[PDB]
Amino acid sequence: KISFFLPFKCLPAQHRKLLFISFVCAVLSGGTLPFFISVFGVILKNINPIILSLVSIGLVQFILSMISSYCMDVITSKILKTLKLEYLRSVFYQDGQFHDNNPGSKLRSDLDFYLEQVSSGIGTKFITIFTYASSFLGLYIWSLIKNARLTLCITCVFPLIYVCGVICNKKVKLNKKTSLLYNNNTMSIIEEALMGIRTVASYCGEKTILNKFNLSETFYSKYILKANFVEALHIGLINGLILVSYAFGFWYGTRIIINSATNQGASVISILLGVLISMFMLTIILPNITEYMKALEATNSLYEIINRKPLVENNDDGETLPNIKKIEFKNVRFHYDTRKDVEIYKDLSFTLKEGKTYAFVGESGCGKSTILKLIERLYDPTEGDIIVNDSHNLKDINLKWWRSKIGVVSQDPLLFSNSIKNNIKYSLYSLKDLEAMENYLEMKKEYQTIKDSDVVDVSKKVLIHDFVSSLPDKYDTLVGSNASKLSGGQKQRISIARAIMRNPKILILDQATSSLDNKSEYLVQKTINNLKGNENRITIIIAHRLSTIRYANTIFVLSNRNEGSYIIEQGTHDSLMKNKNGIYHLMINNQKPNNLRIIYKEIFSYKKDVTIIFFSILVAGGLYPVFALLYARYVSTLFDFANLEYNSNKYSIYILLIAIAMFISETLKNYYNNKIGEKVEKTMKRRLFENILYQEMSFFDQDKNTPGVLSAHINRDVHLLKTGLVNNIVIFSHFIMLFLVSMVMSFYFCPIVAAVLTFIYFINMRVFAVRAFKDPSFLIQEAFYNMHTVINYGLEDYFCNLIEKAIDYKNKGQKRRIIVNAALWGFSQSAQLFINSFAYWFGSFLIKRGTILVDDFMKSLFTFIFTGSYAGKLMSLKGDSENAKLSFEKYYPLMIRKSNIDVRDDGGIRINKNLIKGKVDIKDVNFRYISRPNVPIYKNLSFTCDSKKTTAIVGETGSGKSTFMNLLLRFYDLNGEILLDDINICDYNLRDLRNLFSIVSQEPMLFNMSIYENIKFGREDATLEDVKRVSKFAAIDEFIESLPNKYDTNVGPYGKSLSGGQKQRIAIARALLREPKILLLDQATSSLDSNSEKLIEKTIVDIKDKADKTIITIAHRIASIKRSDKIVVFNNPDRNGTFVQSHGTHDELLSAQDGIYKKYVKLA
Ligand SMILES: Nc1ncnc2c1ncn2[C@@H]1O[C@H](COP(=O)(O)OP(=O)(O)OP(=O)(O)O)[C@@H](O)[C@H]1O
Ligand SMILES: Nc1ncnc2c1ncn2[C@@H]1O[C@H](COP(=O)(O)OP(=O)(O)OP(=O)(O)O)[C@@H](O)[C@H]1O
Ligand SMILES: [Mg+2]
Ligand SMILES: [Mg+2]
């Protein structure tokens, strides 16, 4: 065993008393039915006071049962809050090795899988057990005092039912665990598809994903259906065993009758009829024990994750030094966990003092960013040490205080999606929390102390104050998901400002000036190298353009030329190039309302599946009241002896025949339920995702249709249907069949009372049917995608407290919807006696009149007890049925919506890839975004690229360079024209338009498949030989052939298990395999050293030496621009638009008229 009361362990003393009250106020309400029997039996056989007593005990039953339902639904939605908060707080404090093996899409699935079990095992189903177990003892203890030997045969049977459960549970968890893995698999395909929709749409790979989705769901439905078969057999078998035992009891009971009535109604019949009700209660109890025993394992598995202990603990056991000096590596080694057989470092060691600048240079696979991550203690070394100030090791200093001084600008900027000033002010929270919380909550209030004076000047210091002051909502406008609204240089400037604001002692810049022109870079560098406090700090620059590090106290050069990188040179700018003919000299010489009808229509189509369940419900529903015959026709044939033994042997065999029919009906009722529900779930899951995957780009720029929201809709609110909407109907049908059989059985005795009270039961049945700060999922996904920023700037408790205010905001009807359900639950348990009292009332008159007898009245009233007692099951699945309908109503329009720009339209000019000139002409252009329609960008653009020529485009940051590309691929429609071979782009049947282009985007992206499949994206029919051929021009087919599982190696999610230079060359290779007619490049050499850069340049100029390809490029390095044919300059003198100024300079007209190009040539 594990335990019993785990979910109720971590509670305060304010809810434990509520638990005690809810426990005690149910046993009382349960022990009134046998008390009612004991009173009614003695009072019937002998007017106002008795009716008043009956109504009074009914009322106190109502009042006692109303409280237990209110004081139980309050604990449920506090446990379900506490667990979910404790889960995702010991995920932020976990080390980095935990995040490599456990992707973010694997955690959400487990979370919202186990919480469903916990919710469906501690709700209203917890109290029905205890309130129907009291009625068991009330009738079992009564029947025991009279004759115990007749009754104590089932206690010998209790051990046998305990054995089926063990095996029938052991044969379940295997399949459930095997299905959870494929669930985790198919959840990692949705997020990666929605984040990279711009690439999927461009390469037409939105059909390859559907096949993976369908395979992963097909291997899932099989195992889940195989698992939920055993559970339909277990409960179907227990009923049969119980009825067989009852048959043995009846057989033993007839023995004393045949003895006495021969050798010398009846009380024995009464005893057996009292025993029957106990078994009828066990029929209701047992199918809720399992669902409670499923929750213990789930919450155990959750506490297993919550009580994890990582290697790098963020305790408060560290130290606090005065100041920072002399970081020092000493014989460091390191390797990663996935690739245990791939070493990186040989003998890494150096020293760094304060008040100086430093630099790192090398190839694109060495260890630079790995050092960046190794300083901040995301990871730990294996053999060396990072001793600080020659008397203290880094594994003994307080991590919070150490991170309270470092400013970071990473190789991939990661901003949140609220606003600019809040993103810039987030740097200070981790310092104010140190000021307040370590003095004497004083934290949540001092965040207002941060005034709007430092934001202004720190924005002035990065040349963004002018642009941010021109648009509406200066410091209040919001940025989209991953800051998709802004541009690259803008995000770099925002991150630099966020780093400067806190005045760090240590600063680490990792390719921060990659997407910025020469002039702004020079000005920003002049600003940073004279900032206040520069007399004592340590700045660490990493760069590929060696012009920015001309001044530096030391320059470290390192290489790996095949078992580990190492340093080869040390010296300044002047004392390094003139010394020898090393690598550095070569480098510097190189540079120089009625919607639910859609569901039922799908249910009433599997015609042979709805038939069997119907004929099984018809048999399992009414076979308890049919026993009423078996006694009557038996008791009618007691005083006709000399043939009694024949009947006695006959009716026991009839009971056996009924027992063997209970089994089949129950198990076929319980299995085909889930079989029908899963098949609705699959279709409703597929259609939504399929429709969403073909929509346009503006649909994804909206505020609410974010990637973290849609996945939750799909998974959760398509899974809810199977349970709620398809099980509740089955329950209603079972109840209806009980009622329809009981009303037939009651006419057999006396039709008057039946015709009277069926009306009342119909009315009481009608009551049950007709009675009726953003989201949490946004924040959780937004945190899981940007874990590095959140760990660097110390933002765990902030999001923790911020998600609580959304859980509470979503729960507002959580208070009103409970009292209604509690009143209904009380009315279910108290609607039985109010009717019996009225029956006695209007029966006394007719009995006194002399028209109806007492016996038939009694045994016509007694037979409705089953349908009176079964009403408690009409309240176990109400909330999940309502939530499902609400969710369906608020995701149906996504399912039905259609797109304006759809690739499936197959009508238009079909274009062949044999006769194409490749001329792109522009007549006039005017464009404006919908997110902020006051900012004009383009005004009368005019330029051309003729055919098989090379064209270069230079401009200022924010001018619209990476917007022409998007307009050219039908991401956004137009006022103006763009012509390909003198015909507009809107009339080409864009399946072929997107076939002959090939882009190299500004931020590459990869998926969790292998390299072989990522390079084959789009073009499925291709051999490994073509891949080997095309991976040679990319200058990457040496690293891959030094690696286990060369082309079968699995990259991580989004490409995090590779570097930036590799991720980019792989994208280049992917673009070259398609054999494109038009090649679009956008900063294709931003993260590459000069050697790889000139190799790819050799490939490009070789391709340019021959015809049959039209190339367009964008770059800031002046070196790779002179070899073009025409150079186009964009400008924006007054902030109203852009127009062409220069045209066709080609490095021969650099200063003829006043322009900007004459600066960009000389500044670098
Ligand atoms: N999570 C990971 N698991 C396993 N290996 C990794 C992981 N992240 C990076 N690597 C490997 O570590 C090596 C070093 O990568 P590094 O961070 O030094 O790239 P880089 O030098 O910054 O590249 P660039 O110079 O182009 O920016 C790479 O060869 C890469 O394959
Ligand atoms: N999704 C969007 N919604 C609204 N406006 C946008 C969106 N994307 C870009 N913009 C606007 O377009 C302008 C320029 O965008 P773009 O990214 O094309 O410039 P860029 O030339 O790529 O900049 P860089 O040269 O730094 O990459 C920005 O000022 C921005 O306000
Ligand atoms: Mg890097
Ligand atoms: Mg750009």
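The record lists cryo-EM as the method behind this PDB entry and 2.94 Å as its resolution.

In the nomenclature of the PDB entry, the protein corresponds to Multidrug resistance protein 1 from the organism Plasmodium falciparum. Its PDB record names the entry "Cryo-EM structure of the outward-facing Plasmodium falciparum multidrug resistance protein 1". Listed in UniProt under the heading Catalytic activity, the comment for the protein reads: "ATP + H2O + xenobioticSide 1 = ADP + phosphate + xenobioticSide 2." Checking UniProt for the protein, the heading Sequence similarities contains the comment "Belongs to the ABC transporter superfamily. ABCB family. Multidrug resistance exporter (TC 3.A.1.201) subfamily."

Draft legend 1. View of the side chain of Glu796. Counting through the fold element by element, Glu796 comes out in helix α33 (residues 796–810). Put simply, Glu796 is tucked away with no salt bridge, and the nearest opposite charge, on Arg403, sits 5.4 Å away. When neighbours within four sequence positions are excluded, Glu796 is seen to be in contact with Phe92, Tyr93, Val790 and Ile791.

Draft legend 2. Fine view of the site of ligand 1. The local shell around ligand 1 holds 20 residues, among which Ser364, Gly367, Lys368, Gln411 and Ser1059 are the closest. Interatomic distance of 3.4 Å between a side-chain N/O atom of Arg339 and an oxygen atom of ligand 1. At a separation of 3.5 Å, an oxygen atom of ligand 1 approaches a polar backbone atom of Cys366. Starting from 640 Å² of accessible surface for ligand 1 in isolation, the protein chains cover 92%. Breaking the shell around ligand 1 down by element, the ones donating at least two residues are α13 (368–375) and α43 (1060–1073). At three residues, the largest contribution of residues to the shell around ligand 1 is made by α13.

Draft legend 3. Inspection of helix α30 (residues 751–769) at higher detail. The terminal C-alpha atoms of α30, which comprises 19 residues, lie 28 Å apart, in line with the 27 Å expected from a rise of 1.5 Å per residue. Turning to α30, its buried residues are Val753, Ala754, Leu757, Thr758, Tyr761, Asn764 and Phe768. In the core, the buried residues of α30 are packed alongside α29 (707–747), α34 (816–830), α35 (833–849), α36 (854–861) and α37 (865–869).

Draft legend 4. Structural view of unusual backbone geometry. Phi angles above zero are rare outside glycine, and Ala483 is one such case at about 55°. For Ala483, a relative accessible area of 0% puts it in the buried group. Positive phi outside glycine occurs at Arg970, with the angle close to 60°. Considering the arrangement of structural elements, one finds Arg970 in the loop between α39 (961–967) and β12 (976–980).

Draft legend 5. Local environment of the sheet that holds strand β3 (residues 356–361). As summarised here, the arrangement of the six strands in space is β4-β5-β6-β3-β7-β8, forming an open sheet in which the pairing is mixed. Looking at strand neighbours, the two that pair on one side only are β4 (406–409) and β8 (566–571), the edges of this open sheet. If you compare each strand with its neighbour and ignore which way they point, the axes differ by 15° on average.

Draft legend 6. Just the state of the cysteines, in detail. The final tally for this structure, using the stated rule, is zero disulfides. A disulfide-free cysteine, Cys204 has its sulfur positioned 19 Å from the sulfur of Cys986, the nearest such atom. Taking relative accessible area as the criterion, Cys204 reaches 46% and is therefore assigned partly exposed. You can call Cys986 partly exposed: its relative accessible area is 41%.

Draft legend 7. Focus on the sheet that holds strand β13 (residues 983–984). Taken together, the four strands give an open sheet; going across it, the order is β10-β9-β12-β13, and neighbouring strands pair in antiparallel fashion. Pairing within the sheet leaves two strands with one partner each, and these edge strands are β10 (944–945) and β13.

Draft legend 8. The arrangement of the packing of helix α3 (residues 48–87) against helix α5 (residues 104–119) in detail. Contact geometry for α3 and α5: axes closest at 11 Å, N-to-C directions at 160°. Here α3 lies roughly antiparallel to α5, going by the angle between them. Where α3 crosses over α5, the handedness of that crossing is right-handed. From α3, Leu80, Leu83, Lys84 and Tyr87 reach across to α5, where they touch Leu107, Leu111, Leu115, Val118 and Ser119. Its residues assigned to classes, the contact of α3 with α5 shows seven nonpolar, one polar and one charged.

About the thresholds
Residues numbered from 1 in each chain as written, not as in the entry; some residues may be left out. Chains lettered and ligands numbered in written order. Heavy atoms only, no water. Residues with missing side-chain atoms left out of burial classes, pairs and counts. UniProt positions renumbered as here; feature names shortened; annotations may be inferred. Helix = DSSP H or I, 4+ residues; strand = E, 2+ residues; numbered from the N terminus. Buried < 20%, exposed > 50% of the residue type's maximum accessible area, 1.4 Å probe, protein only. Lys, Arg positive; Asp, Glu negative; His and termini not counted. Salt bridge = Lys/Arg side-chain N within 4 Å of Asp/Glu carboxyl O. Contact = heavy atoms within 4.5 Å. Near = heavy atom within 4 Å. Polar contact = N/O pair within 3.5 Å; in protein donor to acceptor, adjacent residues only side chain to side chain. Areas by Shrake-Rupley, 256 points an atom, 1.4 Å probe, with all protein chains shown as cover. Expected span 1.5 Å × (residues − 1). Pairing = 2+ DSSP bridges. Axes fitted to C-alpha atoms, helices over the stretch in contact; angles between N-to-C directions. Disulfide = S-S within 2.5 Å. Parallel < 35°, antiparallel > 145°, perpendicular 65-115°, else oblique. Left-handed = near helix turned anticlockwise from the far one by under 90°. Nonpolar A, V, L, I, M, F, W, Y, C, P; charged D, E, K, R; others polar.

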